[PDB]
Amino acid sequence: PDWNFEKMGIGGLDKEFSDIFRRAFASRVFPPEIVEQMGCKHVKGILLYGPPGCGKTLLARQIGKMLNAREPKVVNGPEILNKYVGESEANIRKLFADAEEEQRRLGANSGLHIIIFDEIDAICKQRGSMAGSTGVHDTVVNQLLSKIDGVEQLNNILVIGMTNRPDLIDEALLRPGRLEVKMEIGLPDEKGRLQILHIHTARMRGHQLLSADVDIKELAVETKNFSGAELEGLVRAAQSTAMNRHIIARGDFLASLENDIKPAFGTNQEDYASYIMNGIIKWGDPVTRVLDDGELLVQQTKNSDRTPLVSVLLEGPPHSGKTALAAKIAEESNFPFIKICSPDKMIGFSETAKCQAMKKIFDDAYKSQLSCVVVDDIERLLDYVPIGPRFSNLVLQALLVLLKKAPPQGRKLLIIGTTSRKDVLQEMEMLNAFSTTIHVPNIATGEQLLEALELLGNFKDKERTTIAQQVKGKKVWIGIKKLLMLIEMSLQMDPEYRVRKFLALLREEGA
Amino acid sequence: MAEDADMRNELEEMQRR
Ligand SMILES: Nc1ncnc2c1ncn2[C@@H]1O[C@H](COP(=O)(O)OP(=O)(O)OP(=O)(O)O)[C@@H](O)[C@H]1O
Ligand SMILES: Nc1ncnc2c1ncn2[C@@H]1O[C@H](COP(=O)(O)OP(=O)(O)O)[C@@H](O)[C@H]1O
């Protein structure tokens with residue numbers, strides 16, 4: 001048995017590789033003297049799917065090495081498509097035909113000619129048959145499958161599909177015998193990542209470049225989610241800094257330094273700033289109780305087995321920093337996965353482009369264990385305007401089924417809307433689908449206002465005595481982003497006129 | 001796509017004199 005992962009090449013997926021070894025490839029390592037009786041035809045094809053950067057292409061070449069082909073030819077689907085119909089199918093035929101020569105020539109004792117597709121999922125979209133809308137590329141898949149299971153079948157072959165879209169694949173392509181068996185790869189657990197670090201480190205470990213103050217057992221877990229593809233780049237940076245250390249002129253961790261640089265597949269820390277410019281200024285009880293509620297129901301998911309999915313929206317009047325509050329609710333618990341979906345990046349897109357950007361984010365999130373996702377300015381991506389009712393029906397439909405769609409068993413997430421007006425949503429029946437709501441009252445009172453202004457510290461005791469004189473009495477209704485706006489607008493003034501400029505503008509807010 | 005281009009091409013004669 002040659003299938004042990006103490007061999008260095010790959011790791012972390014040991015159960016999944018074990019399964020394919022168990023039922024897929026057992027026939028090919030066995031004494032043939034037995035199996036020649038049973039006439040068991042080997043699996044011609046296999047599929048393995050998962051996220052991109054999780055180390056599948058070193059699985060494939062490594063199984064070829066395990067059971068030796070002449071060699072793999074690896075291809076990407078989009079690397080072959082041609083406008084001219086003949087070329088694409090011809091390319092595929094060339095790929096298979098490399099084997100057929102040996103098969104017919106040397107009969108049935110030939111070694112495997114192995115094929116790998118990097119992504120089929122573009123070429124193998126599921127065709128459907130009617131006079132219109134047959135499809136653009138619907139005739140390449142026919143050539144592929146006619147080679148796989150066709151007339152004058154060949155036993156000289158093995159083919160590994162790789163994809164990130166397992167649901168778009170045709171249903172006959174993966175029927176038993178054409179590709180019989182499917183496996184899932186998922187982004188590795190901490191055990192797998194400490195293995196991975198052992199792998200990519202093993203040369204440095206042998207050469208003893210990095211001798212001190214370095215522990216993989218802790219350094220694996222301090223990053224809760226990364227991609228095995230990304231870890232080799234991380235290790236490269238840790239090796240690169242010792243060489244960038246001698247720009248000044250035996251090895252150190254730089255991981256704690258560079259992890260902030262690294263964008264993950266998972267959580268990012270560099271998108272906060274735009275939503276949080278200034279951080280969270282607690283002006284009164286409502287702020288802290290709101291984010292206390294966020295910290296309250298985050299525990300709900302992580303400790304609940306019967307509510308994998310949960311959702312809220314922060315309603316309130318405009319310019320109350322609901323986006324920032326959602327961002328802070330995300331940041332407080334150090335989630336594995338946080339991500340924004342927003343019109344800032346979905347700008348200038350069609351109603352079916354922003355849906356397919358949003359579904360990408362969510363199906364990305366489904367495959368992490370625990371997650372928090374946030375949607376800001378619902379009205380914007382919903383493309384609402386009051387004059388006329390106008391919106392994209394597609395988007396809200398596709399948004400709320402996602403709010404009602406549970407992820408696979410054992411994975412959980414919460415969803416956070418920032419919608420600023422909910423009357424539309426109550427009439428348009430998204431509010432029964434949201435679990436519950438949060439009112440974010442903007443500041444209602446001057447006794448809290450001057451407190452907030454003290455926390456910011458723009459104005460002196462005299463300038464603030466002015467305010468304390470002018471309004472105790474009014475209940476001012478003001479969004480704080482507007483507060484920032486007009487304090488900065490009055491900050492440029494003749495200093496003598498500064499304060500009453502601010503006051504006069506503030507008294508134009510309405511209500 | 002929905003693309004059909006069917007095309008032709010021309011010969012460059014070899015010198016055998
Ligand atoms: N506790 C808080 N109360 C009020 N504002 C805050 C609080 N914490 C942060 N902010 C501020 O909120 C601002 C973010 O702007 P904001 O999200 O209100 O615009 P917006 O609400 O998205 O616009 P719109 O009202 O059109 O949705 C930042 O300046 C940030 O510092
Ligand atoms: N044990 C491992 N587990 C996961 N990934 C690994 C492991 N060892 C190495 N890798 C990395 O996995 C990456 C796989 O990248 P590649 O297969 O080219 O893209 P994709 O995985 O999207 O097909 C390689 O770049 C390699 O550095």
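For the structure, check the block above.
Residues numbered from 1 in each chain as written, not as in the entry; some residues may be left out. Chains lettered and ligands numbered in written order. Part of a larger assembly, values for the part shown. Heavy atoms only, no water.

**Considerations on the overall build of chain A**
Basically, it comes down to this: Runs of E in the DSSP output that reach at least two residues are strands. Runs of H or I that reach at least four are helices, and both are numbered from the N terminus. As defined in this context, the radius of gyration uses C-alpha atoms, and a globule is described by 2.2 Å times the residue total to the power 0.38. Relative accessibility thresholds used throughout: buried, under 20% of the residue-type maximum; exposed, over 50%; partly exposed, between the two (1.4 Å probe, protein chains only). Residues scored as charged are limited to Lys and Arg (positive) and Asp and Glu (negative), so that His and the chain ends carry no count. In this description, the location of a charge corresponds to atom NZ of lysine, CZ of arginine, CG of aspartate or CD of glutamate.
The helix and strand inventory of chain A stands at 21 helices and 10 strands. Relative to the compact-globule value of 24 Å for 511 residues, chain A shows a C-alpha radius of gyration of 30 Å, a clear excess of over 25%. Here chain A, with 511 residues, has 42% of them falling under the buried criterion. The positive charge centre, built from 66 side chains, and the negative charge centre, built from 68, are 1 Å apart in chain A.

**Brief notes about the interface of chain A and chain B**
Quick note on the threshold: Between two residues, a contact is recorded if the distance between any of their heavy atoms is within 4.5 Å. Buried area counts how much accessible surface, traced with a 1.4 Å probe, disappears from two parts once they are put together, with both parts' losses summed. A carboxyl oxygen of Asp or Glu within 4 Å of a side-chain nitrogen of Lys or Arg is what we treat as a salt bridge. Here a polar contact means two N or O atoms within 3.5 Å. Within protein one must be a hydrogen donor candidate and the other an acceptor candidate, and residues neighboring in sequence count only if both atoms are side-chain atoms. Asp, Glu, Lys and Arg are counted as charged, while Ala, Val, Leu, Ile, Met, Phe, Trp, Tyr, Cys and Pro are counted as nonpolar; the rest, among them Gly, fall into the polar class.
Contacts between chain A and chain B engage 5 residues on the former and 5 residues on the latter. Contact with chain B buries area across many residues of chain A, yet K83, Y84 and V136 of chain A alone supply 74% of it, more than any other trio. Taken together, the links from chain A to chain B amount to 0 salt bridges. Counting the contacts that link chain A with chain B gives 0 residue pairs in polar contact. When grouped by side-chain class, the residues that make up the side of chain A that touches chain B number 3 nonpolar, 1 polar and 1 charged.

**Points about the site of ligand 2**
All names here are of chain A. Which entries qualify depends on this criterion: Whether a residue is near a molecule or strand is decided by its heavy atoms; if any one of them lies within 4 Å of it, the residue is near.
Taken together, 13 residues form the shell around ligand 2, and within it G11, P52, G55, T57 and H200 come nearest. Residue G11 places a main-chain N or O atom 3.1 Å away from a nitrogen atom belonging to ligand 2. Here an oxygen atom of ligand 2 sits 2.6 Å away from a polar atom, N or O, in the main chain of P52. Looking at the shell around ligand 2, the elements with two or more residues in it are α3 (57–66), α6 (190–207) and α8 (228–244). Top element by residues in the shell around ligand 2 is α8. It accounts for 3 residues. Among the residues forming the shell around ligand 2, the class breakdown is 6 nonpolar, 5 polar and 2 charged.

**Here's the deal with the side chain of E379 of chain A**
Residue and element names in this part refer to chain A. In this structure, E379 sits in helix α15 (residues 378–381). In this structure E379 is buried but unpaired, with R421 as the nearest side chain of opposite charge at 5.5 Å. Sequence-distant contacts of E379, defined by excluding residues within four places in its chain, comprise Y384, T419, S420 and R421.

**Things to note about the site of ligand 1**
Residue and element names in this part refer to chain A. What counts here: What sets the accessible areas is the Shrake-Rupley method with a 1.4 Å probe; for residues, cover comes only from the shown protein chains. A pocket here means an open set of points on a 1 Å grid, computed over the protein atoms alone, that has protein on both sides within 12 Å along at least five of seven lines. A cavity is instead a set of points where a 1.4 Å probe fits but cannot get out; residues with an atom within 4 Å of a point line either one. Occupancy of a cavity or pocket is assigned to a molecule whenever over half of its atoms lie within 2 Å of that pocket's grid points. By convention here, the domain bounds are inherited from an automatic or database domain assignment.
Close contacts around ligand 1 come from 15 residues, with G279, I280, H319, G321 and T323 the closest. Side-chain polar atom of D377 to an oxygen atom of ligand 1: 3.2 Å apart, as the coordinates give it. Protein chains shield 86% of the accessible area of ligand 1, which is 650 Å² for the free molecule. Under a 2 Å grid-point criterion requiring more than half of the atoms, the pocket assigned to ligand 1 is the second largest pocket. At 3 residues, helix α20 (residues 480–491) tops the list of elements feeding residues into the shell around ligand 1. Grouping the constituent residues of the shell around ligand 1 by class yields 7 nonpolar, 6 polar and 2 charged. The residues that make up the shell around ligand 1 include at least three from each of domain 1 (271–441) and domain 2 (442–508).

**Examining the packing of helix α14 (residues 351–366) of chain A against helix α16 (residues 393–403) of chain A**
All names here are of chain A. Inclusion rule: What counts as an axis is a line fitted to C-alpha atoms, over the stretch in contact for a helix, and the angles between N-to-C directions run from 0 to 180 degrees. For classification, angles of less than 35 degrees are called roughly parallel, those exceeding 145 degrees roughly antiparallel, those between 65 and 115 degrees roughly perpendicular, and all remaining angles oblique.
Taken N-terminus to C-terminus, the directions of α14 and α16 make an angle of 10°; their axes are 9 Å apart at the nearest point. Relative to α16, the element α14 lies roughly parallel. Across from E351, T352, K354, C355, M358, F362 and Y366 in α14, the residues of α16 making contact are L394, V395, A398, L399 and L402.

**Thoughts on the pairing of strand β7 (residues 337–341) of chain A**
Residues and elements named next belong to chain A. Threshold: Strands qualify as paired when DSSP identifies two bridges or more between them.
Most of β7 is tucked away, with 5 of its 5 residues classed as buried. Burial along β7 is two-sided: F337, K339 and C341 facing one way and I338 and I340 facing the other are all buried. Of the pairings in the sheet, the one linking β7 to strand β8 (residues 370–375) comprises 5 bridges and is parallel in character. Bridge pairing in β8 places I340 opposite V374.

**Looking at the sheet that holds strand β10 (residues 436–439) of chain A**
The strands that make up a sheet are held in pairs by hydrogen bonds between backbone atoms, and each pair lies either parallel or antiparallel. Residues and elements named next belong to chain A. Pairing in this open sheet of 5 strands is parallel, and the strands run β7-β8-β9-β6-β10 from one edge to the other. This sheet does not close on itself; its edge strands, each paired only once, are β7 and β10. When strand polarity is set aside, the average angle formed by the axes of neighbouring strands in this sheet is 20°. Judged from the 4 bridges that link them, strand β6 (residues 309–315) and β10 form a sheet pairing that is parallel. Paired with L314 across the strands is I438, a residue of β10. Where helix α12 (residues 322–332) meets the sheet, its contacts fall on β6, β7, β8 and β9 (412–417), and the angle it forms with β6 comes to roughly 150°.

**Comments concerning α12 of chain A**
Turning to α12 of chain A, its buried residues are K322, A324, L325, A326, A327, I329 and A330 of chain A. Phi for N334 of chain A, located one or two positions after α12 of chain A, is positive at around 60°.

**A few points about a nonpolar patch on the surface**
Residue and element names in this part refer to chain A. Here is the rule we go by: Patches draw on residues past 30% relative accessible area with no salt bridge. Two like charges within 9 Å are joined, as are two nonpolar side chains (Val, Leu, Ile, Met, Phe, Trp, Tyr) within 5 Å.
On the surface, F30, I34 and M38 cluster together into a nonpolar patch covering about 300 Å² of accessible area. Checked against the element boundaries, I34 lands in helix α2 (residues 32–38). A relative accessible area of 36% means that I34 is categorised as partly exposed.

**Let's talk about the layout of surface pockets**
All names here are of chain A. What counts, and what does not: Grid points are joined across faces, edges and corners, and a volume is the space filled by probe spheres set on the points.
What the second largest pocket holds in volume is close to 1,000 Å³. Along the walls of the second largest pocket sit 35 residues, with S320, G321, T323, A324 and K481 positioned nearest its centre. Counted by class, the lining of the second largest pocket contains 22 nonpolar, 8 polar and 5 charged residues. Of the residues that make up the lining of the second largest pocket, three or more belong to each of domain 1 (271–441) and domain 2 (442–508).

**Concerning the sheet that holds strand β1 (residues 45–49) of chain A**
Residue and element names in this part refer to chain A. The strand order across the open sheet built from 5 strands is β2-β3-β4-β1-β5, with neighbouring strands paired in parallel fashion. Strand pairing shows two members of the sheet lacking a second neighbour, β2 (73–75) and β5 (181–184), which therefore form its edges. Neighbour-to-neighbour, the strand axes of this sheet turn through a mean angle of 15°, independent of strand direction. Pairing of β1 with β5, which is carried by 4 bridges, proceeds in the parallel orientation. Each bridged residue has a counterpart across the sheet, and for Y49 the counterpart in β5 is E184.

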